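Step one of this worksheet: look at the structure below.
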Amino acid sequence: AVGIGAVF
Amino acid sequence: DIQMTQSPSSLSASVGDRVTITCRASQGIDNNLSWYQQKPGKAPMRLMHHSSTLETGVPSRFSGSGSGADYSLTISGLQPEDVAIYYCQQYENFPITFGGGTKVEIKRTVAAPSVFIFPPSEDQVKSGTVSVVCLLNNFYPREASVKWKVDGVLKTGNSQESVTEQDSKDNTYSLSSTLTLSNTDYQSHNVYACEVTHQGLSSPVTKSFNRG
């Protein structure tokens, strides 16, 4: 996922 | 990119109804979906993310479901303040993409418009162009008929109408009809009237004024 769903 | 298709494009339902909006993605988005609400005049605000996880302070009447490429937003008990455009959004991939939106309007009881007529000020008269304004205030449903009358003859070529968005508290509409004429044409006629027919009116209502 990207945006608010990005994972670091 | 990922295409988002929302259905229906518009809907109207009474307060307390259960309404459902669907969003289909062109490919599976693995529940990476948000629902946003945009009230009239305002920026969108998010109702939920991950297709079903409500944001803090979002009323429990809002719920989300679905999987893969098919998702739905349900309003369980529509409220008067729910007048808005609702959008889905995918964040599975860049670019972020939104659905085309679903406009939600409230059905309510018939309310007759209050009718007013506004003669042009004489600043307007000095200007070269004159505008006569007829206002239909706080009515439901949206559909109404406005006729312009100039010394008893109908003048509908040079009028234009504008309608507000549905009010978020009383769920009514307001409407302006503006008749535009030259000063010489305006001062060559004597009495101006607007005649309004609407479901809430037992008989047509006409409002009038005498020039000079």
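Taken in sequence, the protein lines are chains C and A. In the authors' numbering, each residue carries its 1-based index in the first sequence increased by 10. Each step along the second sequence adds one to the number in the authors' numbering, with nothing skipped, and position 70 is 70. Beta carbons are placed, not taken as given, at the ideal position from N, Cα and C, and that holds for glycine.
- Counting along the chain, the unbroken alpha helix (DSSP H) around A/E122 starts and ends at 122-127.
- Separation of A/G77 and A/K103 (C-alpha to C-alpha, rounded to the nearest whole angstrom) is 16 Å.
- Using a Cβ-Cβ distance cut-off of 8 Å, the stretch 45-55 of chain A and the stretch 138-152 of chain A are not in contact, since fewer than three pairs of beta carbons, one from each stretch, lie closer than that value.
- Burial check for A/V153: the Cβ neighbour count within 10 Å stays below 16, so the residue is exposed.
- Under the three-state reduction of DSSP output, A/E195 falls in the strand class.
- Of the candidates A/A13, A/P204, A/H198, the residue whose Cα lies closest to the Cα of A/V110 is A/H198.
- DSSP places A/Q187 inside the alpha helix (DSSP H), whose first and last residues are 183-187.
- Restricted to the stretch 101-169 of chain A, the alpha helix (DSSP H) segments that are unbroken, complete and at least 4 residues in length are 122-127, listed in chain order.
- Between the C-alpha atoms of A/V19 and A/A13 there is a straight-line separation of about 8 Å.
- Neighbours of A/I96 in chain C, taken as residues whose beta carbon is under 8 Å from its own, are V12, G13 in chain order.
- In the three-state scheme derived from DSSP, where H, G and I count as helix and E and B as strand, C/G13 is classed as helix.
- By the Cβ test, the stretch 23-43 of chain A is in contact with the stretch 69-86 of chain A, since at least three Cβ pairs between them sit closer than 8 Å.
- Any Cβ of chain C closer than 8 Å to the Cβ of A/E92 would place that residue at the interface, and such an atom is present.
- A/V130 has its alpha-carbon roughly 12 Å from the corresponding atom of A/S188.
- Contact residues of the stretch 15-45 of chain A toward chain C are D30, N32, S34 (C-beta to C-beta distance below 8 Å).
- Taking a C-beta distance under 8 Å as the contact criterion, A/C88 and A/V146 do not qualify as a contact pair.
- Counting only residues of its own chain and dropping the five nearest sequence neighbours on each side, A/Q124 has a CB closer than 7 Å to the CB of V130, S131.
- C/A16 sits exposed, since fewer than 16 C-beta atoms from the chains shown fall within 10 Å of its C-beta.
- Rounded to the nearest angstrom, the gap between the Cα atoms of A/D30 and A/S177 is 50 Å.
- A direct Cα-Cα distance of roughly 48 Å separates A/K155 from A/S72.
- A/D1 sits in coil when the DSSP states are folded into three classes, being neither helix nor strand.
- For A/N210, the uninterrupted beta strand (DSSP E) segment begins and ends at 205-210.
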